[PDB]
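Chemist: Sharing a structure, written as structure tokens. Questions coming.
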Amino acid sequence: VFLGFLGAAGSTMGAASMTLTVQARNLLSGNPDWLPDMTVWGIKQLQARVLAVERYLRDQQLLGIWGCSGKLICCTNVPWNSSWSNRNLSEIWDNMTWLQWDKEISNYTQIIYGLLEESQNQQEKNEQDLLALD
Amino acid sequence: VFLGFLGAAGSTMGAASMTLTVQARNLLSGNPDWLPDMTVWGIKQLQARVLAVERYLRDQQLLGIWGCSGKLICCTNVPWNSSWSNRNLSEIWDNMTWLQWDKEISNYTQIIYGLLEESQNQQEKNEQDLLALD
Amino acid sequence: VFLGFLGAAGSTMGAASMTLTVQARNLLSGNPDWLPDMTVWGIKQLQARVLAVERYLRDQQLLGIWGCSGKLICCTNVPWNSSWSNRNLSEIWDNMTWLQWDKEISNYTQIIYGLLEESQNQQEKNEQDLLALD
Amino acid sequence: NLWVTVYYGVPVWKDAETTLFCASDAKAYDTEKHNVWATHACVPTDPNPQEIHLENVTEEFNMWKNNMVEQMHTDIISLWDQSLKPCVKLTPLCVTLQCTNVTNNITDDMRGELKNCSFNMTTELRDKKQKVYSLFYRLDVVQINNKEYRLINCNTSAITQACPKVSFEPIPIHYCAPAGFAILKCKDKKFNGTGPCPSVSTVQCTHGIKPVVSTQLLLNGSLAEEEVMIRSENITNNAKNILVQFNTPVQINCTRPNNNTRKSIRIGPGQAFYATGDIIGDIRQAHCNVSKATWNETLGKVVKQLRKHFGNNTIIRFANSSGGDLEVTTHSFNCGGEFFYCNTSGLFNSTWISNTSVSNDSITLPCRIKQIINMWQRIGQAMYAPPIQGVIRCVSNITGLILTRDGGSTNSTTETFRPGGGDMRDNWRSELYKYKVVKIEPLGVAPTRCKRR
Amino acid sequence: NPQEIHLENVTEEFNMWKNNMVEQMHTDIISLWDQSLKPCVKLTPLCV
Amino acid sequence: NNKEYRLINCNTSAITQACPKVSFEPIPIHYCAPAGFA
Amino acid sequence: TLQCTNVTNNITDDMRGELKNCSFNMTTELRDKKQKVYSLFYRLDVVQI
Ligand SMILES: *[C@@H]1O[C@H](CO)[C@@H](O[C@@H]2O[C@H](CO)[C@@H](O[C@@H]3O[C@H](CO[C@H]4O[C@H](CO)[C@@H](O)[C@H](O[C@H]5O[C@H](CO)[C@@H](O)[C@H](O)[C@@H]5O)[C@@H]4O)[C@@H](O)[C@H](O[C@H]4O[C@H](CO)[C@@H](O)[C@H](O)[C@@H]4O)[C@@H]3O)[C@H](O)[C@H]2NC(C)=O)[C@H](O)[C@H]1NC(C)=O
Ligand SMILES: *[C@@H]1O[C@H](CO)[C@@H](O[C@@H]2O[C@H](CO)[C@@H](O[C@@H]3O[C@H](CO[C@H]4O[C@H](CO)[C@@H](O)[C@H](O)[C@@H]4O)[C@@H](O)[C@H](O[C@H]4O[C@H](CO)[C@@H](O)[C@H](O)[C@@H]4O)[C@@H]3O)[C@H](O)[C@H]2NC(C)=O)[C@H](O)[C@H]1NC(C)=O
Ligand SMILES: *[C@@H]1O[C@H](CO)[C@@H](O[C@@H]2O[C@H](CO)[C@@H](O[C@@H]3O[C@H](CO)[C@@H](O)[C@H](O[C@H]4O[C@H](CO)[C@@H](O)[C@H](O)[C@@H]4O)[C@@H]3O)[C@H](O)[C@H]2NC(C)=O)[C@H](O)[C@H]1NC(C)=O
Ligand SMILES: *[C@@H]1O[C@H](CO)[C@@H](O[C@@H]2O[C@H](CO)[C@@H](O[C@@H]3O[C@H](CO)[C@@H](O)[C@H](O[C@H]4O[C@H](CO)[C@@H](O)[C@H](O)[C@@H]4O)[C@@H]3O)[C@H](O)[C@H]2NC(C)=O)[C@H](O)[C@H]1NC(C)=O
Ligand SMILES: *[C@@H]1O[C@H](CO)[C@@H](O[C@@H]2O[C@H](CO)[C@@H](O[C@@H]3O[C@H](CO)[C@@H](O)[C@H](O[C@H]4O[C@H](CO)[C@@H](O)[C@H](O)[C@@H]4O)[C@@H]3O)[C@H](O)[C@H]2NC(C)=O)[C@H](O)[C@H]1NC(C)=O
Ligand SMILES: *[C@@H]1O[C@H](CO)[C@@H](O[C@@H]2O[C@H](CO)[C@@H](O[C@@H]3O[C@H](CO)[C@@H](O)[C@H](O)[C@@H]3O)[C@H](O)[C@H]2NC(C)=O)[C@H](O)[C@H]1NC(C)=O
Ligand SMILES: *[C@@H]1O[C@H](CO)[C@@H](O[C@@H]2O[C@H](CO)[C@@H](O[C@@H]3O[C@H](CO)[C@@H](O)[C@H](O)[C@@H]3O)[C@H](O)[C@H]2NC(C)=O)[C@H](O)[C@H]1NC(C)=O
Ligand SMILES: *[C@@H]1O[C@H](CO)[C@@H](O[C@@H]2O[C@H](CO)[C@@H](O[C@@H]3O[C@H](CO)[C@@H](O)[C@H](O)[C@@H]3O)[C@H](O)[C@H]2NC(C)=O)[C@H](O)[C@H]1NC(C)=O
Ligand SMILES: *[C@@H]1O[C@H](CO)[C@@H](O[C@@H]2O[C@H](CO)[C@@H](O[C@@H]3O[C@H](CO)[C@@H](O)[C@H](O)[C@@H]3O)[C@H](O)[C@H]2NC(C)=O)[C@H](O)[C@H]1NC(C)=O
Ligand SMILES: *[C@@H]1O[C@H](CO)[C@@H](O[C@@H]2O[C@H](CO)[C@@H](O)[C@H](O)[C@H]2NC(C)=O)[C@H](O)[C@H]1NC(C)=O
Ligand SMILES: *[C@@H]1O[C@H](CO)[C@@H](O[C@@H]2O[C@H](CO)[C@@H](O)[C@H](O)[C@H]2NC(C)=O)[C@H](O)[C@H]1NC(C)=O
Ligand SMILES: *[C@@H]1O[C@H](CO)[C@@H](O[C@@H]2O[C@H](CO)[C@@H](O)[C@H](O)[C@H]2NC(C)=O)[C@H](O)[C@H]1NC(C)=O
Ligand SMILES: *[C@@H]1O[C@H](CO)[C@@H](O)[C@H](O)[C@H]1NC(C)=O
Ligand SMILES: *[C@@H]1O[C@H](CO)[C@@H](O)[C@H](O)[C@H]1NC(C)=O
Ligand SMILES: *[C@@H]1O[C@H](CO)[C@@H](O)[C@H](O)[C@H]1NC(C)=O
Ligand SMILES: *[C@@H]1O[C@H](CO)[C@@H](O)[C@H](O)[C@H]1NC(C)=O
Ligand SMILES: *[C@@H]1O[C@H](CO)[C@@H](O)[C@H](O)[C@H]1NC(C)=O
Ligand SMILES: *[C@@H]1O[C@H](CO)[C@@H](O)[C@H](O)[C@H]1NC(C)=O
Ligand SMILES: *[C@@H]1O[C@H](CO)[C@@H](O)[C@H](O)[C@H]1NC(C)=O
Ligand SMILES: *[C@@H]1O[C@H](CO)[C@@H](O)[C@H](O)[C@H]1NC(C)=O
């Protein structure tokens, strides 16, 4: 079910996974037209919509250095750790929200980005170069 | 044949398909250097070249939410509808321009974007997650 | 070995190839916060960080028109020319820096970009369209 | 068995503060007043306001730590200065003014204070100078010692005249969220201001807000939902103000009865100063009418909402203001161009029994008028209000109050709620209490079973 | 080198009287006058 | 009403002198299209 | 125009003393009247005409 923009903010992570392209399509282009030339009030909103794409491309950069690169669901080769969220499957995706998930991972989330940028493409790419000549 | 930028605007869609990378390379970087610090005349042209990448990334976002993501020719899994352009093959690609094509689709084009953003990656991704565990 | 940002500027190209994601992660987001509203000194630094993403997306465009598109190591189908760097393997990757490499290619580098944007995706894509119907 | 998987586009937000937009409201081209408040730069409103309710969502709001109020406060101030920047300056008006009381002091028990001032003003040319007259009005020096006068506006700051082409009629301005961010809108009828909102929706552009500069009485504001709200940053602490929102709008009618006229005397090569001409017709003081039955009912409805914090079956009082600044002690606002400074002492004489209080079709309020305002927090400038040619009458809804509690050991005795104000940010919290700005963080990680290569 | 590329087989409908390029150069020349005369010498005491 | 005179420029608007260092000789100015347009 | 005066202490004019007790008609708060003030001082100045 759609329910529009951010409609599944309190639903399950499996049901909210069914609304990924809706939250994405409305974050980048909230296009305001600035054809009128008004001096000092443009530099505040233009700085805002320039920092918007600076924050956007920072996520695309993190979504580029990882083996994941399609702007969709994507799988990696880094194993899940039992210390992170000591829970089984379907306890998460059918009784948890993305907010409460990010809250429990916020303690351990900072190292996961490093485990996705070094443990893979510093070695996966190196293995791809050392396994394609044959 | 090349014929430079926009050289195949009146040619066939098959011949113009042979000049995709030429129209792309000259739309993003028309780089003007703004090292001189002139007060009020920069905010108009800088707003122009900021809205340029805002319009550019809007297309990349639409070219990201779809199964298509390579900045090239790309195929999907949505079938063509006989109500859209009641014409056979080679009647299009050898006697039609991209302008006249966009004109006839302009009546039916708005739903095709929805058929490419929901009928696929809301389901293709979901099927990819439910068909990769084996 | 890491050695941080630009740590392998004088190392071998094979050892520096082990630090690609480090040089990439720190070039795009050097995020300065511009919440304070100061009139004339913002337009100089904001123009700088707008030309930063204009130069960034120009590389992504060149990294998009080529068969290479993953922001990683990537291989093509254009053969190496003996006129470019008359050297064997392991003479480069174990006794040369990326700076000295770009210096020797600077004489012949301008045509390589053309050989990667036309000799491939003007023909590789066309062959992909003419070899997928079966 | 299970591996980490990234998900791009998850509904995850973190509260932050960033620059917001502003809306044109779309009738701006048909206004053609050359410049309204923010018609200058704001962009038109979307055809359909994307108001999406988020089910199962409880979000913690806090209107008193909000950064949207600081933005609208800094937008209004920068709106004042940029509006008065290209207009006519009146620094040569700081001269000596030999003035005279108005010719009609009839029954000096009643008051009459307009000063038929004449002075040597500079002219079109620089060689000669001409003598003009008729600045008028109560705000003035007493002189140093026909009696001499000068401007005490000149005793503080420089003076510039407001452009006569622009207007002060508030255009509905609703702030808008930029790309990548969102605005969360509380929706339950009763809301403390501080606490979790169980019914939250999201929008980009907010609902239409009229920038109204008013003290002691909130005007043309948004009505509450079903019950009168008593909001405060800290109810126990006395110094913190008590914002009130009304359920039923209190009708108020203000009039400047003096059928007035203007004079365009020429000063300098391009400038032109507008002076208050001789009053045509009879004269009497400006006033504001509030129906006594509606105000009696509104007080009888607010007193019950106030007893919930201060005691069931107890008495509360509220007298008039204490004293101090004229903009603080008086219900100051604008209408048509003139700036009414009415005294609300005729409204706040009340003590309350647990069932009643301790005809007269209406309650009238005396009101003085002022044209030179030092309301600007930059004390380097002051604005001269141009005279309005004709009679002025404007109606309005009263939706709010700003009250201060008398401190001390008044527990066993009664409490007193004198009116107050001063800080402009309190005028905005009655409209931005239900709004919070959040930034979107769509990068999420979650374990599923899948394998690459 | 001015990149002047002719587009064969192309007929484009032009209208010089509804053009917005004229409005831009009109608003550029006026803003050019004011910014050029802004820091110069004022002669208001010459009105004698 | 040697006869007196004044400026009728002063009868309309303020006056400012043109900078003597700048010139009014027109430099060839051709407009240019930004990125993404033609 | 500033009618000035050497400082009152030139003691031993072999050593130098150069601060000018200047007084002048400055404009005031109002535009009608003008007041006379003093004490600009210091070596940087004209010699007059
Ligand atoms: C602030 O709070 C104060 C106090 O709460 C409010 O001020 C008060 O306002 C009222 C209304 O104006 C003032 O009331 C006075 O009313 C009398 C008229 O009533 C008297 O005389 C009647 C006949 O003339 C008589 O019938 C009345 O009742 C008697 O007789 C009946 C018969 O059955 C009997 O049953 C009763 O027991 C009585 O015996 C009653 O005696 C009126 O004359 C007053 O005005 C005149 O006099 C005053 C002072 O003398 C003078 O100031 C006026 O100018 C005028 O000359 C007056 O209207 C009451 O006096 C006010 N209180 C004070 C302290 O002044 C106030 O409204 C609130 N707001 C503000 C803005 O201040
Ligand atoms: C709170 O909200 C109320 C709305 O109820 C506001 O009250 C309105 O205030 C405005 C501005 O002062 C008033 O509009 C003015 O009306 C004057 C009288 O016009 C009469 O004739 C016209 C034409 O038929 C009628 O539409 C109108 O109702 C009257 O019968 C005008 O002279 C004023 O002119 C102004 O705008 C014109 C536009 O061209 C300019 O040329 C003028 O120079 C000038 O700027 C103006 O239109 C209005 O009458 C009030 N009443 C309403 C709508 O009920 C409050 O001001 C507002 N704020 C506060 C703090 O209370
Ligand atoms: C506020 O004060 C001002 C003064 O600063 C005052 O304006 C003056 O009003 C008087 C009213 O009598 C004007 O005096 C007359 O005005 C008429 C025009 O209406 C003239 O025609 C008169 O001159 C005739 O009579 C004179 C008598 O000797 C003759 O000498 C002359 O030749 C004419 O025949 C006379 O001037 C006065 O002119 C104005 N002042 C100005 C500058 O216009 C104003 O009325 C006061 N307002 C209030 C409400 O008190
Ligand atoms: C709240 O309400 C109270 C009353 O409950 C109110 O207090 C009153 O204020 C008025 C002024 O608004 C006072 O009246 C003055 O009293 C002084 C002496 O105390 C007189 O000198 C004053 O007259 C002078 O000015 C007149 C102007 O023309 C001259 O004609 C005259 O010759 C004098 O120079 C004036 O009468 C009044 O005394 C008080 N007190 C009471 C209880 O009435 C208070 O102002 C209200 N507001 C606030 C902010 O508290
Ligand atoms: C630089 O020059 C300035 C002048 O521009 C000078 O300032 C003046 O100093 C003198 C010092 O005597 C002041 O003169 C006296 O000042 C006292 C106050 O301290 C007054 O009380 C005096 O007046 C009384 O005596 C008079 C004598 O007749 C009486 O007439 C009068 O009624 C009083 O009883 C007298 O004015 C003088 O006032 C100042 N000038 C000003 C404008 O204040 C300054 O000192 C010089 N500095 C140096 C270092 O040379
Ligand atoms: C506006 O300007 C007029 C004229 O410029 C001012 O009139 C001036 O008034 C003063 C005060 O009375 C006069 O001073 C007196 O002069 C006489 C000699 O003329 C002298 O004996 C007295 O002791 C006193 O100093 C002054 O002369 C007079 N100017 C003229 C030209 O007559 C007027 O005061 C100014 N202000 C206003 C508010 O009108
Ligand atoms: C120059 O401006 C200042 C203000 O910036 C003037 O100060 C004024 O001083 C008077 C003194 O009486 C203040 O009056 C106040 O009255 C209330 C009662 O109404 C009393 O409780 C206070 O204690 C005080 O006496 C007045 O508010 C204050 N401000 C203004 C705007 O008048 C100063 O007088 C000005 N200079 C001259 C020469 O007038
Ligand atoms: C505002 O509301 C209050 C509360 O309803 C009104 O108070 C009421 O006032 C009337 C007349 O002033 C009172 O009636 C009189 O009461 C006296 C008490 O001694 C009695 O002797 C008279 O014969 C007469 O009955 C009434 O009791 C009082 N209370 C209530 C509950 O009605 C007040 O009048 C209102 N103000 C208005 C309408 O302007
Ligand atoms: C500051 O202002 C005062 C007064 O505005 C100036 O005083 C003026 O000084 C001059 C030069 O001595 C006086 O001129 C003389 O006037 C007499 C007649 O009064 C005449 O016979 C002489 O031939 C000479 O022209 C002038 O009258 C006097 N002004 C007044 C009102 O007395 C003063 O010079 C100004 N400058 C300074 C630095 O103080
Ligand atoms: C204007 O106000 C003044 C007072 O400021 C009034 O002047 C006094 O009026 C009384 C009448 O009872 C006379 O007895 C006094 O002699 C007047 N004072 C002076 C100085 O003359 C005056 O009545 C008021 N009205 C008018 C029309 O001037
Ligand atoms: C404020 O003014 C309005 C309009 O002038 C008043 O509304 C009128 O009230 C009278 C008396 O009840 C009615 O007969 C009219 O039909 C009303 N007109 C409208 C348009 O509603 C209002 O009563 C005034 N309020 C006060 C407190 O004076
Ligand atoms: C201030 O400087 C002046 C010179 O510019 C000194 O004036 C002279 O002092 C000598 C003392 O030897 C006298 O003989 C002269 O007559 C003075 N000149 C004049 C013109 O009078 C003066 O002494 C210095 N100091 C003071 C206190 O004024
Ligand atoms: C899990 O995390 C802990 C502490 O971060 C680490 O010691 C352990 O090796 C990790 N295990 C796996 C399987 O990643
Ligand atoms: C074609 O479009 C029509 C109307 O939009 C729709 O009813 C029909 O199902 C479509 N058919 C296919 C094959 O998409
Ligand atoms: C190498 O480059 C030369 C000159 O650029 C060219 O003539 C030759 O064909 C190239 N050979 C290959 C194999 O690319
Ligand atoms: C007249 O003006 C004087 C100015 O000193 C003022 O004090 C007095 O109250 C006024 N008289 C009136 C208005 O009756
Ligand atoms: C309000 O102020 C009182 C007195 O300082 C203090 O005891 C109380 O904790 C405060 N409450 C809040 C919410 O700030
Ligand atoms: C106190 O509470 C009771 C019951 O909740 C309520 O009926 C009463 O109205 C309250 N106090 C007053 C005097 O309003
Ligand atoms: C209010 O009225 C109720 C019901 O008549 C009564 O029980 C109560 O005592 C009254 N309270 C007061 C203060 O008169
Ligand atoms: C006052 O509120 C009433 C109730 O909806 C409304 O009809 C009226 O238009 C409002 N007036 C103003 C000025 O907002």
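Residue names in the structure tokens use chain letters A, B, ... in the order shown, residue numbers from 1 in each chain, and ligand numbers from 1 in the order shown.
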Just asking: which residues within chain E are helix (DSSP H, G or I) according to DSSP, as a VMD selection string?
Modeler: chain E and resid 16 to 18 21 to 37 44 to 46
Chemist: Kindly export the residues of the current selection with N, CA, C and O atoms, as a PDB file, in the first residue's frame.
Modeler:
ATOM      1  N   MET E  16       9.903  36.539 -32.490  1.00  0.00           N
ATOM      2  CA  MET E  16      10.737  37.563 -31.873  1.00  0.00           C
ATOM      3  C   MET E  16       9.954  38.481 -30.945  1.00  0.00           C
ATOM      4  O   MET E  16      10.560  39.138 -30.092  1.00  0.00           O
ATOM      5  N   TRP E  17       8.632  38.544 -31.088  1.00  0.00           N
ATOM      6  CA  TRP E  17       7.828  39.489 -30.327  1.00  0.00           C
ATOM      7  C   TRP E  17       7.338  38.933 -28.997  1.00  0.00           C
ATOM      8  O   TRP E  17       6.916  39.712 -28.135  1.00  0.00           O
ATOM      9  N   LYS E  18       7.384  37.615 -28.808  1.00  0.00           N
ATOM     10  CA  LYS E  18       7.104  36.993 -27.519  1.00  0.00           C
ATOM     11  C   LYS E  18       8.376  36.488 -26.847  1.00  0.00           C
ATOM     12  O   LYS E  18       8.306  35.676 -25.920  1.00  0.00           O
ATOM     13  N   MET E  21      14.401  36.788 -24.265  1.00  0.00           N
ATOM     14  CA  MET E  21      15.777  37.271 -24.275  1.00  0.00           C
ATOM     15  C   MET E  21      15.829  38.792 -24.274  1.00  0.00           C
ATOM     16  O   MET E  21      16.751  39.381 -23.699  1.00  0.00           O
ATOM     17  N   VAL E  22      14.851  39.440 -24.910  1.00  0.00           N
ATOM     18  CA  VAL E  22      14.807  40.898 -24.924  1.00  0.00           C
ATOM     19  C   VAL E  22      14.529  41.437 -23.527  1.00  0.00           C
ATOM     20  O   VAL E  22      15.096  42.455 -23.116  1.00  0.00           O
ATOM     21  N   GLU E  23      13.657  40.762 -22.775  1.00  0.00           N
ATOM     22  CA  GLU E  23      13.370  41.194 -21.410  1.00  0.00           C
ATOM     23  C   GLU E  23      14.588  41.053 -20.508  1.00  0.00           C
ATOM     24  O   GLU E  23      14.750  41.833 -19.563  1.00  0.00           O
ATOM     25  N   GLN E  24      15.453  40.074 -20.779  1.00  0.00           N
ATOM     26  CA  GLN E  24      16.650  39.900 -19.965  1.00  0.00           C
ATOM     27  C   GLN E  24      17.669  40.998 -20.245  1.00  0.00           C
ATOM     28  O   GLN E  24      18.225  41.592 -19.315  1.00  0.00           O
ATOM     29  N   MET E  25      17.926  41.281 -21.525  1.00  0.00           N
ATOM     30  CA  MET E  25      18.872  42.339 -21.860  1.00  0.00           C
ATOM     31  C   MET E  25      18.343  43.708 -21.456  1.00  0.00           C
ATOM     32  O   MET E  25      19.129  44.600 -21.117  1.00  0.00           O
ATOM     33  N   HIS E  26      17.022  43.893 -21.480  1.00  0.00           N
ATOM     34  CA  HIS E  26      16.439  45.135 -20.986  1.00  0.00           C
ATOM     35  C   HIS E  26      16.676  45.289 -19.490  1.00  0.00           C
ATOM     36  O   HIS E  26      17.069  46.362 -19.019  1.00  0.00           O
ATOM     37  N   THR E  27      16.452  44.220 -18.724  1.00  0.00           N
ATOM     38  CA  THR E  27      16.694  44.257 -17.288  1.00  0.00           C
ATOM     39  C   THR E  27      18.175  44.193 -16.942  1.00  0.00           C
ATOM     40  O   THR E  27      18.547  44.533 -15.813  1.00  0.00           O
ATOM     41  N   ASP E  28      19.025  43.762 -17.876  1.00  0.00           N
ATOM     42  CA  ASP E  28      20.462  43.784 -17.630  1.00  0.00           C
ATOM     43  C   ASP E  28      21.041  45.176 -17.850  1.00  0.00           C
ATOM     44  O   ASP E  28      21.931  45.603 -17.106  1.00  0.00           O
ATOM     45  N   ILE E  29      20.549  45.894 -18.861  1.00  0.00           N
ATOM     46  CA  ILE E  29      21.054  47.235 -19.139  1.00  0.00           C
ATOM     47  C   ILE E  29      20.656  48.200 -18.030  1.00  0.00           C
ATOM     48  O   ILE E  29      21.455  49.047 -17.610  1.00  0.00           O
ATOM     49  N   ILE E  30      19.424  48.088 -17.531  1.00  0.00           N
ATOM     50  CA  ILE E  30      18.969  48.982 -16.469  1.00  0.00           C
ATOM     51  C   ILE E  30      19.757  48.736 -15.189  1.00  0.00           C
ATOM     52  O   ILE E  30      20.248  49.676 -14.552  1.00  0.00           O
ATOM     53  N   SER E  31      19.892  47.468 -14.790  1.00  0.00           N
ATOM     54  CA  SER E  31      20.730  47.143 -13.642  1.00  0.00           C
ATOM     55  C   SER E  31      22.195  47.464 -13.899  1.00  0.00           C
ATOM     56  O   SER E  31      22.968  47.602 -12.945  1.00  0.00           O
ATOM     57  N   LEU E  32      22.591  47.582 -15.167  1.00  0.00           N
ATOM     58  CA  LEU E  32      23.944  48.012 -15.500  1.00  0.00           C
ATOM     59  C   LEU E  32      24.111  49.512 -15.290  1.00  0.00           C
ATOM     60  O   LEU E  32      25.174  49.965 -14.848  1.00  0.00           O
ATOM     61  N   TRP E  33      23.074  50.294 -15.603  1.00  0.00           N
ATOM     62  CA  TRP E  33      23.130  51.736 -15.376  1.00  0.00           C
ATOM     63  C   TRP E  33      23.247  52.053 -13.890  1.00  0.00           C
ATOM     64  O   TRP E  33      24.120  52.824 -13.473  1.00  0.00           O
ATOM     65  N   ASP E  34      22.368  51.466 -13.073  1.00  0.00           N
ATOM     66  CA  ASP E  34      22.314  51.820 -11.659  1.00  0.00           C
ATOM     67  C   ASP E  34      23.590  51.417 -10.929  1.00  0.00           C
ATOM     68  O   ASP E  34      24.112  52.185 -10.113  1.00  0.00           O
ATOM     69  N   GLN E  35      24.107  50.219 -11.205  1.00  0.00           N
ATOM     70  CA  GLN E  35      25.333  49.781 -10.548  1.00  0.00           C
ATOM     71  C   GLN E  35      26.555  50.549 -11.032  1.00  0.00           C
ATOM     72  O   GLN E  35      27.572  50.576 -10.331  1.00  0.00           O
ATOM     73  N   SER E  36      26.479  51.173 -12.209  1.00  0.00           N
ATOM     74  CA  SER E  36      27.591  51.984 -12.690  1.00  0.00           C
ATOM     75  C   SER E  36      27.576  53.374 -12.066  1.00  0.00           C
ATOM     76  O   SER E  36      28.637  53.941 -11.784  1.00  0.00           O
ATOM     77  N   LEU E  37      26.389  53.934 -11.842  1.00  0.00           N
ATOM     78  CA  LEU E  37      26.241  55.253 -11.245  1.00  0.00           C
ATOM     79  C   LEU E  37      26.153  55.214  -9.725  1.00  0.00           C
ATOM     80  O   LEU E  37      26.080  56.276  -9.098  1.00  0.00           O
ATOM     81  N   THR E  44      23.783  66.577  -5.449  1.00  0.00           N
ATOM     82  CA  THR E  44      22.607  67.198  -4.847  1.00  0.00           C
ATOM     83  C   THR E  44      22.831  68.634  -4.368  1.00  0.00           C
ATOM     84  O   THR E  44      21.866  69.415  -4.429  1.00  0.00           O
ATOM     85  N   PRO E  45      24.013  69.051  -3.892  1.00  0.00           N
ATOM     86  CA  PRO E  45      24.198  70.476  -3.575  1.00  0.00           C
ATOM     87  C   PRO E  45      24.224  71.388  -4.790  1.00  0.00           C
ATOM     88  O   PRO E  45      24.306  72.608  -4.617  1.00  0.00           O
ATOM     89  N   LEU E  46      24.170  70.849  -6.010  1.00  0.00           N
ATOM     90  CA  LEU E  46      24.119  71.699  -7.193  1.00  0.00           C
ATOM     91  C   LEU E  46      22.733  72.286  -7.422  1.00  0.00           C
ATOM     92  O   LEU E  46      22.603  73.263  -8.169  1.00  0.00           O
TER      93      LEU E  46
END
Chemist: Compute the set of protein, DNA and RNA residues whose minimum atom distance to ligand 2 is at most 8 Å, using only C-alpha atoms and all ligand atoms, and state it as a list in words.
Modeler: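 If we count only C-alpha atoms and all ligand atoms, the neighbours of ligand 2 turn out to be residues 31, 32, 33, 164, 165, 166, 167, 168, 169, 170, 212, 213, 214, 219, 220, 333, 334, 335, 336, 337, 392, 393, 394, 395, 396 and 397 of chain D.
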Chemist: Report as a ChimeraX atom specification the set of chain D residues whose atoms approach chain E to within 12 Å, with distances computed over only C-alpha atoms.
Modeler: /D:122-129,267-271
Chemist: Can you work out which one of D:226, D:46, D:233, D:140 has the shortest atom-to-atom distance to ligand 17, counting only C-alpha atoms and all ligand atoms?
Modeler: D:233
Chemist: Which chains and residue numbers are within 8 Å of ligand 12, counting only C-alpha atoms and all ligand atoms, if I want them as a ChimeraX atom specification?
Modeler: /G:6-13
Chemist: Could you list, as JSON, numbers by chain, all protein and nucleic acid residues with an atom at most 12 Å from ligand 19, counting only C-alpha atoms and all ligand atoms?
Modeler: {"D": [312, 313, 314, 315, 352, 353, 354, 355, 356, 357, 358]}
Chemist: For the residues in the current selection, export C-alpha atoms as an mmCIF file, in the first residue's frame.
Modeler:
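Okay, selection.cif is ready:
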data_model
loop_
_atom_site.group_PDB
_atom_site.id
_atom_site.type_symbol
_atom_site.label_atom_id
_atom_site.label_comp_id
_atom_site.auth_asym_id
_atom_site.auth_seq_id
_atom_site.Cartn_x
_atom_site.Cartn_y
_atom_site.Cartn_z
ATOM 1 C CA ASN D 312 -10.385 24.264 41.525
ATOM 2 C CA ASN D 313 -12.668 26.660 43.429
ATOM 3 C CA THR D 314 -10.147 29.478 43.803
ATOM 4 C CA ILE D 315 -10.173 33.139 42.776
ATOM 5 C CA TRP D 352 -13.709 35.571 39.866
ATOM 6 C CA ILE D 353 -15.961 33.552 42.144
ATOM 7 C CA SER D 354 -16.194 29.815 41.462
ATOM 8 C CA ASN D 355 -19.513 30.396 39.638
ATOM 9 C CA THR D 356 -19.590 34.071 38.572
ATOM 10 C CA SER D 357 -17.635 37.340 38.617
ATOM 11 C CA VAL D 358 -17.665 40.509 40.701
#
Chemist: Work out how far atom CA of residue B:83 is from atom 2 (O, counted along the ligand's line) of ligand 14, in Å to one decimal.
Modeler: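 According to the coordinates, atom 2 (O, counted along the ligand's line) of ligand 14 and atom CA of residue B:83 are separated by 5.7 Å.
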